[PDB]
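Colleague: File follows, work_14.cif with mmCIF, C-alpha atoms:
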```cif
data_query
#
loop_
_atom_site.group_PDB
_atom_site.id
_atom_site.type_symbol
_atom_site.label_atom_id
_atom_site.label_comp_id
_atom_site.auth_asym_id
_atom_site.auth_seq_id
_atom_site.Cartn_x
_atom_site.Cartn_y
_atom_site.Cartn_z
ATOM 1 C CA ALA A 1 0.000 0.000 0.000
ATOM 2 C CA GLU A 2 2.355 2.708 1.248
ATOM 3 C CA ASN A 3 5.221 1.066 -0.675
ATOM 4 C CA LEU A 4 5.236 -0.231 -4.248
ATOM 5 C CA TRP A 5 7.688 -2.451 -6.101
ATOM 6 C CA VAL A 6 8.705 -2.813 -9.744
ATOM 7 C CA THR A 7 7.288 -5.822 -11.597
ATOM 8 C CA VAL A 8 8.255 -7.113 -15.045
ATOM 9 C CA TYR A 9 5.748 -8.516 -17.548
ATOM 10 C CA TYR A 10 6.633 -10.385 -20.742
ATOM 11 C CA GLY A 11 4.126 -10.746 -23.560
ATOM 12 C CA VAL A 12 2.214 -7.473 -23.293
ATOM 13 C CA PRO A 13 -0.114 -6.044 -26.024
ATOM 14 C CA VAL A 14 1.873 -2.991 -27.151
ATOM 15 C CA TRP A 15 3.095 -2.034 -30.631
ATOM 16 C CA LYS A 16 5.112 0.629 -32.442
ATOM 17 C CA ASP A 17 5.265 1.847 -36.029
ATOM 18 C CA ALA A 18 8.009 0.175 -38.066
ATOM 19 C CA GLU A 19 8.782 -1.344 -41.468
ATOM 20 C CA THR A 20 9.793 -4.779 -42.734
ATOM 21 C CA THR A 21 9.772 -7.014 -45.828
ATOM 22 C CA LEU A 22 6.444 -8.781 -46.322
ATOM 23 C CA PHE A 23 6.239 -11.993 -48.354
ATOM 24 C CA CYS A 24 3.846 -13.306 -50.985
ATOM 25 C CA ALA A 25 0.946 -15.738 -50.686
ATOM 26 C CA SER A 26 -1.227 -16.706 -53.656
ATOM 27 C CA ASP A 27 -3.987 -19.186 -54.406
ATOM 28 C CA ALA A 28 -2.683 -22.678 -55.122
ATOM 29 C CA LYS A 29 -4.762 -23.773 -58.154
ATOM 30 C CA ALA A 30 -2.481 -26.876 -58.140
ATOM 31 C CA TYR A 31 -0.394 -24.928 -60.705
ATOM 32 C CA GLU A 32 -1.207 -27.347 -63.523
ATOM 33 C CA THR A 33 -2.939 -25.567 -66.427
ATOM 34 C CA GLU A 34 -1.156 -22.220 -65.996
ATOM 35 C CA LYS A 35 0.711 -21.312 -69.190
ATOM 36 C CA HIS A 36 3.590 -19.611 -67.339
ATOM 37 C CA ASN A 37 2.012 -16.340 -66.273
ATOM 38 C CA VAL A 38 4.548 -13.528 -65.976
ATOM 39 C CA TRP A 39 3.401 -12.974 -62.378
ATOM 40 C CA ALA A 40 4.485 -16.514 -61.571
ATOM 41 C CA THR A 41 2.686 -18.005 -58.574
ATOM 42 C CA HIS A 42 5.187 -20.854 -58.144
ATOM 43 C CA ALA A 43 7.687 -18.427 -56.571
ATOM 44 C CA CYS A 44 5.805 -17.891 -53.290
ATOM 45 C CA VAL A 45 4.051 -20.077 -50.716
ATOM 46 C CA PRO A 46 0.328 -20.863 -51.171
ATOM 47 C CA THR A 47 -2.225 -19.251 -48.883
ATOM 48 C CA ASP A 48 -4.739 -20.487 -46.275
ATOM 49 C CA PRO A 49 -8.337 -20.917 -47.513
ATOM 50 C CA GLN B 1 -2.804 -33.599 -66.898
ATOM 51 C CA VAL B 2 -1.275 -34.556 -70.245
ATOM 52 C CA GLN B 3 -3.859 -34.677 -73.036
ATOM 53 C CA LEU B 4 -3.415 -35.657 -76.686
ATOM 54 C CA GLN B 5 -6.042 -34.994 -79.360
ATOM 55 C CA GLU B 6 -5.935 -36.340 -82.917
ATOM 56 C CA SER B 7 -7.464 -34.887 -86.068
ATOM 57 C CA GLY B 8 -7.609 -35.834 -89.727
ATOM 58 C CA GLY B 9 -7.944 -39.235 -91.319
ATOM 59 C CA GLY B 10 -10.810 -40.894 -93.124
ATOM 60 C CA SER B 11 -11.191 -42.767 -96.418
ATOM 61 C CA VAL B 12 -8.741 -42.203 -99.280
ATOM 62 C CA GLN B 13 -8.379 -43.931 -102.639
ATOM 63 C CA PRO B 14 -5.172 -45.964 -103.146
ATOM 64 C CA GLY B 15 -2.378 -43.602 -104.108
ATOM 65 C CA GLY B 16 -2.277 -40.063 -102.771
ATOM 66 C CA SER B 17 -1.494 -38.048 -99.664
ATOM 67 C CA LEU B 18 -2.953 -37.712 -96.178
ATOM 68 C CA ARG B 19 -2.107 -35.568 -93.162
ATOM 69 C CA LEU B 20 -2.858 -36.360 -89.519
ATOM 70 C CA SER B 21 -2.356 -33.963 -86.622
ATOM 71 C CA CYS B 22 -1.883 -34.457 -82.884
ATOM 72 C CA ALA B 23 -2.238 -31.556 -80.447
ATOM 73 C CA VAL B 24 -0.700 -31.819 -76.974
ATOM 74 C CA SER B 25 -1.956 -29.974 -73.892
ATOM 75 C CA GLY B 26 -0.270 -29.984 -70.509
ATOM 76 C CA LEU B 27 3.177 -30.217 -72.120
ATOM 77 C CA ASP B 28 5.551 -28.282 -74.340
ATOM 78 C CA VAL B 29 6.740 -30.460 -77.229
ATOM 79 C CA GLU B 30 10.415 -29.524 -77.199
ATOM 80 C CA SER B 31 11.964 -31.860 -74.579
ATOM 81 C CA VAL B 32 9.841 -35.015 -74.957
ATOM 82 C CA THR B 33 9.619 -37.658 -77.664
ATOM 83 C CA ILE B 34 6.432 -38.094 -79.690
ATOM 84 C CA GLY B 35 5.609 -41.355 -81.429
ATOM 85 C CA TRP B 36 3.001 -42.462 -83.931
ATOM 86 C CA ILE B 37 1.756 -46.050 -83.685
ATOM 87 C CA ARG B 38 -0.864 -47.991 -85.615
ATOM 88 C CA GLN B 39 -3.208 -50.896 -84.898
ATOM 89 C CA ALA B 40 -4.620 -53.051 -87.679
ATOM 90 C CA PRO B 41 -7.785 -55.156 -87.260
ATOM 91 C CA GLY B 42 -6.956 -58.601 -85.909
ATOM 92 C CA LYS B 43 -3.333 -57.790 -85.022
ATOM 93 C CA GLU B 44 -1.514 -56.330 -82.037
ATOM 94 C CA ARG B 45 -0.230 -52.759 -81.896
ATOM 95 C CA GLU B 46 2.700 -52.365 -84.261
ATOM 96 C CA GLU B 47 4.651 -49.113 -84.375
ATOM 97 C CA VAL B 48 5.160 -46.618 -87.201
ATOM 98 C CA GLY B 49 7.697 -44.020 -86.119
ATOM 99 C CA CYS B 50 8.823 -41.350 -83.712
ATOM 100 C CA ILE B 51 10.439 -37.934 -83.411
ATOM 101 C CA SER B 52 12.889 -37.472 -80.553
ATOM 102 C CA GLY B 53 13.983 -34.479 -78.520
ATOM 103 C CA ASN B 54 17.694 -34.850 -79.294
ATOM 104 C CA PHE B 55 18.401 -32.318 -82.069
ATOM 105 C CA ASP B 56 14.992 -33.064 -83.645
ATOM 106 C CA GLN B 57 15.991 -36.411 -85.160
ATOM 107 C CA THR B 58 13.302 -38.698 -86.577
ATOM 108 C CA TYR B 59 13.178 -42.486 -86.847
ATOM 109 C CA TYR B 60 10.901 -44.825 -88.793
ATOM 110 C CA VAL B 61 10.444 -48.581 -88.921
ATOM 111 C CA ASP B 62 11.822 -50.457 -91.926
ATOM 112 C CA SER B 63 8.309 -50.998 -93.318
ATOM 113 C CA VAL B 64 7.724 -47.279 -93.988
ATOM 114 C CA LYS B 65 10.738 -45.347 -95.288
ATOM 115 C CA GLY B 66 10.614 -42.495 -97.772
ATOM 116 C CA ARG B 67 6.802 -42.432 -97.595
ATOM 117 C CA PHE B 68 6.029 -41.028 -94.122
ATOM 118 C CA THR B 69 7.257 -37.791 -92.562
ATOM 119 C CA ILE B 70 6.900 -36.606 -88.959
ATOM 120 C CA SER B 71 7.197 -32.895 -88.181
ATOM 121 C CA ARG B 72 6.825 -30.811 -85.032
ATOM 122 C CA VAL B 73 5.730 -27.204 -84.503
ATOM 123 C CA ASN B 74 6.573 -25.936 -81.024
ATOM 124 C CA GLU B 75 5.088 -22.429 -81.173
ATOM 125 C CA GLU B 76 1.716 -24.152 -81.695
ATOM 126 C CA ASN B 77 2.384 -27.419 -79.786
ATOM 127 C CA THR B 78 1.466 -29.668 -82.704
ATOM 128 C CA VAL B 79 2.829 -32.836 -84.310
ATOM 129 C CA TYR B 80 2.032 -33.611 -87.953
ATOM 130 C CA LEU B 81 2.300 -36.970 -89.717
ATOM 131 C CA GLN B 82 2.270 -36.615 -93.508
ATOM 132 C CA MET B 83 1.824 -39.833 -95.491
ATOM 133 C CA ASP B 84 2.332 -40.123 -99.245
ATOM 134 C CA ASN B 85 1.766 -42.969 -101.716
ATOM 135 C CA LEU B 86 -0.648 -44.814 -99.448
ATOM 136 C CA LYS B 87 -1.048 -48.566 -99.919
ATOM 137 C CA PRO B 88 -3.724 -51.095 -98.886
ATOM 138 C CA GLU B 89 -1.574 -52.234 -95.940
ATOM 139 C CA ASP B 90 -2.088 -48.857 -94.215
ATOM 140 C CA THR B 91 -5.805 -49.247 -93.373
ATOM 141 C CA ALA B 92 -5.696 -49.033 -89.576
ATOM 142 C CA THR B 93 -6.224 -46.912 -86.463
ATOM 143 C CA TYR B 94 -3.477 -44.409 -85.636
ATOM 144 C CA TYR B 95 -2.546 -43.059 -82.202
ATOM 145 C CA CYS B 96 -0.058 -40.419 -81.071
ATOM 146 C CA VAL B 97 1.718 -41.526 -77.893
ATOM 147 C CA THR B 98 4.300 -40.044 -75.543
ATOM 148 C CA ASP B 99 6.151 -41.002 -72.380
ATOM 149 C CA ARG B 100 7.805 -37.775 -71.091
ATOM 150 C CA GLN B 101 11.217 -39.243 -71.976
ATOM 151 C CA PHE B 102 13.955 -37.267 -73.735
ATOM 152 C CA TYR B 103 14.893 -40.232 -75.956
ATOM 153 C CA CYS B 104 13.302 -42.653 -78.413
ATOM 154 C CA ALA B 105 13.533 -46.432 -78.722
ATOM 155 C CA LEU B 106 11.554 -48.135 -81.480
ATOM 156 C CA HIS B 107 10.374 -51.083 -79.402
ATOM 157 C CA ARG B 108 8.790 -49.432 -76.316
ATOM 158 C CA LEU B 109 6.291 -47.182 -78.116
ATOM 159 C CA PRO B 110 3.277 -49.548 -77.840
ATOM 160 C CA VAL B 111 3.765 -49.658 -74.046
ATOM 161 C CA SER B 112 3.361 -45.999 -73.085
ATOM 162 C CA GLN B 113 1.599 -44.262 -70.209
ATOM 163 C CA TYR B 114 -0.356 -41.585 -72.083
ATOM 164 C CA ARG B 115 -2.261 -42.233 -75.301
ATOM 165 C CA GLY B 116 -4.921 -40.457 -77.335
ATOM 166 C CA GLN B 117 -8.218 -41.743 -78.674
ATOM 167 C CA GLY B 118 -6.814 -42.069 -82.197
ATOM 168 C CA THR B 119 -8.141 -41.641 -85.723
ATOM 169 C CA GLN B 120 -9.098 -44.131 -88.415
ATOM 170 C CA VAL B 121 -7.735 -44.467 -91.970
ATOM 171 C CA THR B 122 -9.101 -46.625 -94.804
ATOM 172 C CA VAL B 123 -7.829 -47.193 -98.326
ATOM 173 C CA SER B 124 -9.880 -49.470 -100.565
ATOM 174 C CA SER B 125 -10.469 -50.332 -104.223
#
```
Translate this file's structure into structure tokens.
Modeller:
Amino acid sequence: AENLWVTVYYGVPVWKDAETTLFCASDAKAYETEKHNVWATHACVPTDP
Amino acid sequence: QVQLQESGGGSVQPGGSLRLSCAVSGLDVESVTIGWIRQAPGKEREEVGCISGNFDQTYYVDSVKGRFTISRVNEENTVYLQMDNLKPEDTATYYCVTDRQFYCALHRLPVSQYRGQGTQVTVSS
């Protein structure tokens, strides 16, 4: 009450503004009938339905 | 999925020219071999010829030489078989087969994974 003590918490919901390098994710389509689109979808991981 | 579709054929009087075509989808015909085989009524599947992927060399069985010609067009993905001076022995059903192999051997063409429906050729009278 009259006295307080410091306490450390890990895993708190706080964020800041920053920048990074996002990665691609495209629809799978099994990549079978695609006639080699210039925006090739075989170069990045498929997405989650 | 590899798909092969044939076109041409029919009935032709003895002596003349015919042209059959085979279109391939699901592949690019530059690094695989393409063979043409025939089946006559009452006999097993013999084999007519093939075009390989090694420097675009073509091979034919001893029965047909100087009469048949196999050509390939890669910008259209098509294989043409041009036959000249047809004879009564040629009445049969023709198929275009492939095996995704960058080499040809003229005794393993009848036993191939993929095969088209085929066209029919008659010469009579």
Colleague: Check which residues satisfy the PyMOL selection byres ((chain B and resi 50-54) around 10) in the file shown, then give them as a PyMOL selection string.
Modeller: chain B and resi 29-37+47-49+55-61+69-72+79+81+96-98+101-106+109
Colleague: For a quick check of understanding, using all atoms listed in the file, which of A:46, A:41, A:31, A:21 has the smallest distance to chain B?
Modeller: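 Closest residue, counting all atoms listed in the file: A:31.
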Colleague: Find the residues in chain B near chain A: any atom within 9 Å counts, using all atoms listed in the file. Write them as a list in words.
Modeller: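 Putting it all together, I get residues 1, 25 and 26 of chain B.
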Colleague: What is the CA of residue 23 in chain B to CA of residue 68 in chain B distance in Å?
Modeller: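 Separation between CA of residue 23 in chain B and CA of residue 68 in chain B: 18.6 Å.
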Colleague: At a cut-off of 12 Å, using only C-alpha atoms, what residues contact range 121-125 of chain B? Leave out same-chain residues fewer than 5 positions from it and give the result as a PyMOL selection string.
Modeller: chain B and resi 7-20+38-41+83+85-95
Colleague: Could you check which of A:4, A:12, A:43, A:38 is closest to residue 25 in chain A, using all atoms listed in the file?
Modeller: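 When distances to residue 25 in chain A are compared using all atoms listed in the file, the smallest one comes from A:43.
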Colleague: By how many Å are CA of residue 39 in chain A and CA of residue 3 in chain B apart?
Modeller: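 One can read the CA of residue 39 in chain A to CA of residue 3 in chain B distance as 25.2 Å.
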Colleague: Quick check, in Å to one decimal: how far apart do CA of residue 22 in chain A and CA of residue 10 in chain A lie?
Modeller: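 Separating CA of residue 22 in chain A from CA of residue 10 in chain A is a distance of 25.6 Å.
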Colleague: Give me, as a PDB file with C-alpha atoms, in the frame of the given file, all polymer residues having an atom no more than 10 Å from residue 44 in chain A, counting all atoms listed in the file and skipping those fewer than 3 positions away in the same chain.
Modeller:
```
ATOM      1  CA  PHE A  23       6.239 -11.993 -48.354  1.00  0.00           C
ATOM      2  CA  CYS A  24       3.846 -13.306 -50.985  1.00  0.00           C
ATOM      3  CA  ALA A  25       0.946 -15.738 -50.686  1.00  0.00           C
ATOM      4  CA  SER A  26      -1.227 -16.706 -53.656  1.00  0.00           C
ATOM      5  CA  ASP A  27      -3.987 -19.186 -54.406  1.00  0.00           C
ATOM      6  CA  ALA A  28      -2.683 -22.678 -55.122  1.00  0.00           C
ATOM      7  CA  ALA A  40       4.485 -16.514 -61.571  1.00  0.00           C
ATOM      8  CA  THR A  41       2.686 -18.005 -58.574  1.00  0.00           C
ATOM      9  CA  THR A  47      -2.225 -19.251 -48.883  1.00  0.00           C
TER      10      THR A  47
END
```
Colleague: Residues within 7 Å of residue 99 in chain B, please, as a list in words. Count only C-alpha atoms; anything in the same chain fewer than 3 positions from it doesn't count.
Modeller: residues 112, 113 and 114 of chain B
Colleague: Let me see the file: selected residues, C-alpha atoms, as a PDB file, in the frame of the given file.
Modeller:
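Saved as part_12.pdb:
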```
ATOM      1  CA  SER B 112       3.361 -45.999 -73.085  1.00  0.00           C
ATOM      2  CA  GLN B 113       1.599 -44.262 -70.209  1.00  0.00           C
ATOM      3  CA  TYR B 114      -0.356 -41.585 -72.083  1.00  0.00           C
TER       4      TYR B 114
END
```
